[PDB]
Amino acid sequence: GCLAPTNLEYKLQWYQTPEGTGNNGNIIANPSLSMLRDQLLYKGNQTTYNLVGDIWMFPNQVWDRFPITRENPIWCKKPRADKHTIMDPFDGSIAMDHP
Amino acid sequence: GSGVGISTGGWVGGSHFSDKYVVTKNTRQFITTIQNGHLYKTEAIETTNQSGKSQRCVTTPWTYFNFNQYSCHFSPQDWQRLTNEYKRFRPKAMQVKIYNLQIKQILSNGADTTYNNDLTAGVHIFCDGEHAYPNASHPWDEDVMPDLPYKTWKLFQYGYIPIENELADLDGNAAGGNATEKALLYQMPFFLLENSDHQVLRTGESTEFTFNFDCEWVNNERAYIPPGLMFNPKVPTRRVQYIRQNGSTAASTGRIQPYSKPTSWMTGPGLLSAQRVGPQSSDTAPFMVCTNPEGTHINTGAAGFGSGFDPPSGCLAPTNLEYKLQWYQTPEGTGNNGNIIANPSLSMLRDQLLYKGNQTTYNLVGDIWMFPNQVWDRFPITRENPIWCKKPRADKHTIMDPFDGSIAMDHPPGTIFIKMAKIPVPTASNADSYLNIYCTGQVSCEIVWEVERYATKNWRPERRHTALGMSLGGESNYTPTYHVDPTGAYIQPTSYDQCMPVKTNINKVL
Amino acid sequence: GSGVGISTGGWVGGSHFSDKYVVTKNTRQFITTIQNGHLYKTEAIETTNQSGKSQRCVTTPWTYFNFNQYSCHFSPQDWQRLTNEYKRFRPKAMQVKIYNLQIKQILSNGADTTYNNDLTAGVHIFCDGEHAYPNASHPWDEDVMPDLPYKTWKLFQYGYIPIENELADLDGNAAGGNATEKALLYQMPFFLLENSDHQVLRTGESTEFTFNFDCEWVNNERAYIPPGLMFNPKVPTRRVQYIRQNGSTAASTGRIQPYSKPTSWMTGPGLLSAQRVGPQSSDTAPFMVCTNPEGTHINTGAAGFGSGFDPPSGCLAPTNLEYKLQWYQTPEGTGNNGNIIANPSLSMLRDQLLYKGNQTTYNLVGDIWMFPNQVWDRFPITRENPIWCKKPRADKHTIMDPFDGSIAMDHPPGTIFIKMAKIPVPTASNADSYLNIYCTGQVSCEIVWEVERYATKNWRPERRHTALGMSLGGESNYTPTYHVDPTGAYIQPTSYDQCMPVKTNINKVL
Amino acid sequence: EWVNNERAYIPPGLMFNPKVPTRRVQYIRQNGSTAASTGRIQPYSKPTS
Amino acid sequence: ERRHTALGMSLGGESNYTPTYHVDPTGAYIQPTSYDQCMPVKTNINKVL
Amino acid sequence: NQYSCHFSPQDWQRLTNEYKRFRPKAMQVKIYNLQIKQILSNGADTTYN
Amino acid sequence: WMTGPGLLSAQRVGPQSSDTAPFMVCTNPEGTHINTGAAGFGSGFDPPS
Amino acid sequence: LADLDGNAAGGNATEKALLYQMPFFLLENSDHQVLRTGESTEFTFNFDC
Amino acid sequence: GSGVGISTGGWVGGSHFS
């Protein structure tokens, strides 16, 4: 979420009304042109730079949020558990206690 | 009375110390210029190399007051008394007044360059305060209010970056030539400060603004022990151990020693793995954070075009000079004479480390992210650090916790913009003409700091900022750090013991 | 307080959007000059060719503020938000303020050309508002308030045409020499703005005027079907047909098909038959409307001396480039680089046609006049079109309906005239002398627009003004349409998709 | 919580004014060869928190 | 600022025409093609950050 | 739970163009006008009464 | 939803009798000590993962 | 008006611009009454004609 | 009234923007 997908495997594909059945029906969920989204982090060694694949929560990260389209779910169920985290679903849906 | 010949306000200065506040008043003398042609343009900034890079930087006729540093509000005396006598402080409110304006006309024949005031000329003065326009101030910028009074403070032009220049490019057509390159240009925000309603002032007028601050405290205290030492080493603990077989060396099960008990607490986040890159002249490095809507660009070349994250490994042992702050100092040098290294503060909630044991001995973990139970405290702001930083508008974020030490506020005190009203001149067609004038006046920034006093049960004497850590000298010599040379030079503080960082003093029991 | 050294008013700007209004505030910086000798004269305008033509044009020392365009009141942002979010709008009221005047004296030795203010000098400021004097403003004229703030706006001289020059002539005596030629000259209205009572302002003063508007709405909606498609094609209609024998091909009587039912509604008026004429340089063409009290002149030569009717075939298919609007744009070019074609808006109450069937197939009717049941809608004003036009005082007229798209009002907001008081100088006899000064100040035009929001039962998404129809670029490139060049140039909007015409968006069900 | 329809148009790292100088210096490791030097951050490309 | 135009809609409905949000000659509803149809939030307006 | 069920394409367009942020306050659902039919199948008729 | 945080990579070290291990968290104001020897003098984080 | 029909024929661009905005009206968008046998309705009207 | 032969509620639809 909030990283450059760098491949099709990291993306949303709706599909659409149930047929297809693919790949005719699916849609790729292209970037929204923010600029709080997508991004990247490069780690410089002595010479040039290399993309850091996995970057976890770190202070000062500010990523905005997935740009929900008209077909996205409105909310999602937020599990009952002691602790959790920012939450921030990557599907774009709102996580509510008691939807 | 009012009008020309009547001073609109008086000078004001000095600080006052009370149990619950320090109200620090400062008045400075400022100057403006025509600041381009009164017209905005835009500028690709000339880059030294030019290997490649640029920035779009629409520039404005406006110029702005930047109040953000501690050194401008506090004298070295007052900073000393603040960091020694109080555990924590935050600003409640700030009040600024522009008054006693003199608008002079610049008359240059090539020799005289006379200056005679023009009444009826005026200056535009606009305090954003909604943060509707792109923020002018940025932490660590020069353009801050100068340290000393009696030094004229020259205002700096206001400009801002529209869409990042590396993204589009184009440049290439049919090269390409890409379509998403242009989609970023077609929407490029373009901000005029004339869109907003704002005041025009002739000589007789003054203005005032104020502000209010919700900001978090900045804490002057030191830990004296890591959080892992809370335990009483006299009493036994039950936690046992085990171990893997490893070896040979058949594994055994045994109790934790009374000393060296377990710790639930963890090392504050920071990233040590990265390294600076190459020529300088840009960016430089490490941990460049950039956006790459796909593909842009990608390409990719050259690698790493984007904003760098300068002081990673906040609350970690720096382990090298590259991870540190270096101020410099007043703009020359130019290095390395002027820079200062920002040495450790001796907490003990700062610095730290994390070692990862394999079967045999231990190895430093370079990059450690946010993890529960991490408690790192915060950067020990000195007198030259910025007070606040602008906190971006975005949905989610994180602890924040800037590593520069500055407070991250939603709505920092709004930047105050000033330009001088264009005075047009009759001319043949085109010929932007106008008239060469400059404004001069007095800004008085009165900020109230909510402050609170320490009380300790420690028997032993605590550390304080002595002023015997000051150093000569002033070219030739003598002239201690906060003082003035035989020439008017102010002999900026050498090293890190001068400028008196917070968190070095008092104590916290944790 | 009051007097020199006290700004009389502040800058003001920006627009505000509410359900029922958009109040758009704009402040500009203006400049005046001595504008002839303070004396009127009259001028036969030098004509390029000079095949023949002229105009009488009594010129005045006065100069005037022309507020009539949409682009001056609305930013591209605000025009976009207006045309996207609202079906119709009209101005309720306008308020103008002249304030912060600087009257400078021009001192020229041939080199210095110094400028030093003269207090006690003054400017005359007169708002007609009764339309007792000939109107200064005319649609599509430059002299309108400039698009951008921060651009100085140079005022343009006020002049008006007394009796048409072609009518008299004379010129010929005994040639002749005609008697009715002179009868038109003997009564030639001659207007002095000093006849009227008006204000004189020194630096300390400001003025304000306001206004009120009775004007009709301008509607942003699109038809999506001609009025002839109202019918339900599923249900049968009774209207029968017949036909003539023609042929051979013996005529038969039969029912109208369910599709293609009759229509009571008719094509809006317009005239396609005329053509442009020749050299340019005057008039040019088509449909010159002129007066010819008999015989004058008649003669006749050369043919067609009179005012041309530029955009005939309002609400008709243009069928050629000659029938269209071409803005240009900021004054250079000079063509054809600057001009823009004013493409169709895709209503469907616009454009259209009428075909006249003879026995075999159909033929376009070139000129179609007012006829009952014609319903044509109206020209889709863009951001650069004039807001209003002056509606002549006359007994009768017609629908009106200007083809330029501008609103025709009885009593448009009165033109505001400004000259600088003649400052005389001692001299030997004759020697009109006086003194060279110029005025500079700030006009703030605050106009309130009555506005109303659309609601549609359409399921499907409607068209909007994207801003992705904007185009590069700024010499070299990038710098999208509403934005500023690396040089201060503003990169005027290319084509017709930029500048965002009304009636392209939303829908009307008819 | 709200769902926000807005776009950033710049990364958060571009907040700075590129016209004004910044003090933050740099250093670098020796690397190389290529003896390391200490120098100021350029006015463009300022640090980002 | 950018807006959702509805000129980014696409044909078509088998055979053709029948733009995205609309109905085929058969009762089919011709679901929106790609991502420009269905109009995601955060593409429009701006935030100054 | 979807946005497409509550908003028409027209209304989604007008929502994402004209407003910076939105959240639902309240939802109200009504089940009414119930018809309970019996399915009678002999293998051919499959009548419904 | 995602897995709660924890660290499985580390291993206990050697003789016991101190500290023992894994994930020793310690402070090292530079250089102290650094040295470095022996490695890992500081408080251990006992139940990671 | 559109036609298209022809592609590359053409194939014209303004042909499609008329299709992309094609109003499509559902009477279910509106709020309206449902009646069983027991109910009746009444409306009236008024005429300025 | 109530019972079979009386519609319990009417259709409703459309959105409103404020």
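When we count neighbours, we look across all protein chains shown, and the Cβ atoms used for this are built from the backbone with ideal geometry, even at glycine. Taken together, the values in this text are just the output of simple stated rules run on the coordinates, not laboratory data.
For A:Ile94, state whether it is within 18 Å of B:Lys396 (Cβ to Cβ), at the interface with another protein chain (Cβ under 7 Å from one of its Cβ atoms) and under 16 Å from the mean Cα position of the chain (by Cα).
yes
Any idea which of (1) within 11 Å of chain C (Cβ to nearest Cβ); (2) in a loop (DSSP other than H, G, I, E, B); (3) aromatic (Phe, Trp, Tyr) is the one B:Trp62 doesn't satisfy?
(2)
Looking at B:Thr263, B:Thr253, B:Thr300, B:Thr319, which one is at positive phi and without any contact (Cβ under 8 Å) to a residue 60 or more places away in the chain?
Among B:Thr263, B:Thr253, B:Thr300, B:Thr319, only B:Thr319 is at positive phi and without any contact (Cβ under 8 Å) to a residue 60 or more places away in the chain.
Could you list all residues from the stretch C:464-481 that are more than 7 Å from every other protein chain (Cβ to nearest Cβ) and under 29 Å from C:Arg222 (Cβ atoms)?
C:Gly469, C:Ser471, C:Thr481
Could you please give the count of residues in the stretch C:428-486 that are among the aromatic types (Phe, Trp, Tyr), within 29 Å of the chain's Cα centre (by Cα) and surrounded by fewer than 20 Cβ atoms within 10 Å (Cβ to Cβ)?
Looking only at that region, the number is 1.
Might you let me know whether the stretch C:365-388 holds any residue that is within 30 Å of C:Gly122 (Cα to Cα) and either within 14 Å of another protein chain (Cβ to nearest Cβ) or aliphatic (A, V, I, L, M) (or both)?
no
Criterion first (facing chain D (nearest Cβ under 7 Å), closer than 20 Å to A:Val62 by Cβ, under 26 Å from the mean Cα position of the chain (by Cα) and touching a residue at least 24 places away in the same chain (Cβ under 8 Å)) does B:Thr291 satisfy it?
It is true that B:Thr291 is facing chain D (nearest Cβ under 7 Å), closer than 20 Å to A:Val62 by Cβ, under 26 Å from the mean Cα position of the chain (by Cα) and touching a residue at least 24 places away in the same chain (Cβ under 8 Å).
Can we say C:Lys53 is more than 8 Å from chain B (Cβ to nearest Cβ), of a type in the set (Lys, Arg) and under 27 Å from the mean Cα position of the chain (by Cα)?
Yes: the conditions hold for C:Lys53.
Go through (1) of a type in the set (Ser, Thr, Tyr); (2) assigned to a strand (DSSP E or B); (3) within 14 Å of chain E (Cβ to nearest Cβ) and name the single condition C:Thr456 misses.
Of the numbered conditions (1) of a type in the set (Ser, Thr, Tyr); (2) assigned to a strand (DSSP E or B); (3) within 14 Å of chain E (Cβ to nearest Cβ), the odd one out for C:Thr456 is (2).
Looking at the stretch B:326-343, which of the residues that are within 8 Å of another protein chain (Cβ to nearest Cβ) and free of Cβ contacts under 8 Å to residues at least 24 places away in the same chain is nearest to G:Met24 (Cα to Cα)?
Top of the filtered list is B:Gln326.
Is it true that some residue in the stretch B:253-273 is more than 14 Å from chain G (Cβ to nearest Cβ) and surrounded by fewer than 21 Cβ atoms within 10 Å (Cβ to Cβ)?
Yes; the residues of the stretch B:253-273 include at least one that is more than 14 Å from chain G (Cβ to nearest Cβ) and surrounded by fewer than 21 Cβ atoms within 10 Å (Cβ to Cβ).
From B:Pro233, B:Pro189, grab the single residue that is within 14 Å of chain G (Cβ to nearest Cβ) and out of contact with any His (no Cβ under 8 Å at 6 or more places or on another chain).
Exactly one residue qualifies, and that residue is B:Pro233.
Which ones in the stretch B:120-160 are among the hydrophobic types (A, V, I, L, M, F, W, C) and closer than 23 Å to B:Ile387 by Cβ?
Passing the criteria: B:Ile125, B:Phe126, B:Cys127, B:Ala132, B:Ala136, B:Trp140, B:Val144, B:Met145, B:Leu148, B:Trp153, B:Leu155, B:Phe156.
Select, from G:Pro48, G:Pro22, G:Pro29, G:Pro5, the only residue that is within 12 Å of the chain's Cα centre (by Cα) and facing chain B (nearest Cβ under 7 Å).
Only one candidate passes the filter, namely G:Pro22.
Pull up the stretch B:364-388, narrow it to residues that are of a type outside the set (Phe, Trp, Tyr) and within 11 Å of the chain's Cα centre (by Cα), then point me to the one that is surrounded by the most Cβ atoms within 10 Å (Cβ to Cβ).
Taking the candidates together, the pick is B:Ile387.
Scan the stretch A:52-99 for residues that are of a type in the set (A, V, I, L, M) and in contact (Cβ under 8 Å) with a residue 40 or more places away in the chain and jot them down.
Residue satisfying the conditions is A:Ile55 alone.
Does A:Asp88 satisfy the condition of being within 8 Å of another protein chain (Cβ to nearest Cβ), surrounded by fewer than 21 Cβ atoms within 10 Å (Cβ to Cβ), under 25 Å from B:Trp369 (Cα atoms) and acidic (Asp, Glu)?
yes
Just checking, does the stretch C:219-230 include any residue being surrounded by 10 or more Cβ atoms within 10 Å (Cβ to Cβ), closer than 23 Å to C:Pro372 by Cβ and of a type in the set (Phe, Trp, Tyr)?
For the stretch C:219-230, residues surrounded by 10 or more Cβ atoms within 10 Å (Cβ to Cβ), closer than 23 Å to C:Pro372 by Cβ and of a type in the set (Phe, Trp, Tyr): absent.
I'd like the full set of residues that are within 26 Å of C:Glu216 (Cα to Cα) and of a type in the set (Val, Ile, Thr), limited to the stretch C:415-474.
The answer is C:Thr415, C:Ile416, C:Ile447, C:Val448, C:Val451, C:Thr456.
Please tell me if B:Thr120 is without any contact (Cβ under 8 Å) to a residue 12 or more places away in the chain, farther than 22 Å from B:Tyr454 by Cα and within 14 Å of chain C (Cβ to nearest Cβ).
no
For the list (1) more than 14 Å from chain D (Cβ to nearest Cβ); (2) surrounded by fewer than 20 Cβ atoms within 10 Å (Cβ to Cβ); (3) at negative phi, I need the number of the one condition that B:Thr47 fails.
(1)
Rundown of residues vs (1) of a type in the set (S, T, N, Q); (2) in contact (Cβ under 8 Å) with a residue 40 or more places away in the chain, yes/no style:
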{"position": "C:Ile437", "(1), (2)": "no, yes"}
{"position": "C:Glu446", "(1), (2)": "no, yes"}
{"position": "C:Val451", "(1), (2)": "no, yes"}
{"position": "C:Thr466", "(1), (2)": "yes, no"}
{"position": "C:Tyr478", "(1), (2)": "no, no"}
{"position": "C:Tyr482", "(1), (2)": "no, yes"}
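Among the residues of the stretch C:152-162, what is the count of those that are surrounded by fewer than 19 Cβ atoms within 10 Å (Cβ to Cβ) and out of contact with any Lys or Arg (no Cβ under 7 Å at 6 or more places or on another chain)?
Going through the stretch C:152-162 one residue at a time, the tally reaches 4.
Can you find even one residue in the stretch C:408-419 that is within 14 Å of chain E (Cβ to nearest Cβ) and β-branched (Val, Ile, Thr)?
So far as the stretch C:408-419 goes, no, none of its residues is within 14 Å of chain E (Cβ to nearest Cβ) and β-branched (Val, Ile, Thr).
Output the number of the condition that C:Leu39 fails; it satisfies all remaining conditions of (1) crowded, with 17+ Cβ neighbours inside 10 Å; (2) among the hydrophobic types (A, V, I, L, M, F, W, C); (3) more than 8 Å from every other protein chain (Cβ to nearest Cβ).
(1)
Given the criterion out of contact with any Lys or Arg (no Cβ under 9 Å at 6 or more places or on another chain), crowded, with 17+ Cβ neighbours inside 10 Å and in contact (Cβ under 8 Å) with a residue 24 or more places away in the chain, identify the matching residue among B:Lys87, B:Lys97.
B:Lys97
For the stretch B:389-406, does any single residue satisfy the condition of being surrounded by fewer than 16 Cβ atoms within 10 Å (Cβ to Cβ) and more than 10 Å from every other protein chain (Cβ to nearest Cβ)?
No.
Kindly state which strands (runs of 3 or more DSSP E) lie completely within the stretch A:1-95 and contain at least 2 residues that are within 21 Å of B:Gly295 (Cβ to Cβ) and out of contact with any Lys or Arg (no Cβ under 6 Å at 6 or more places or on another chain).
A:42-44, A:49-51
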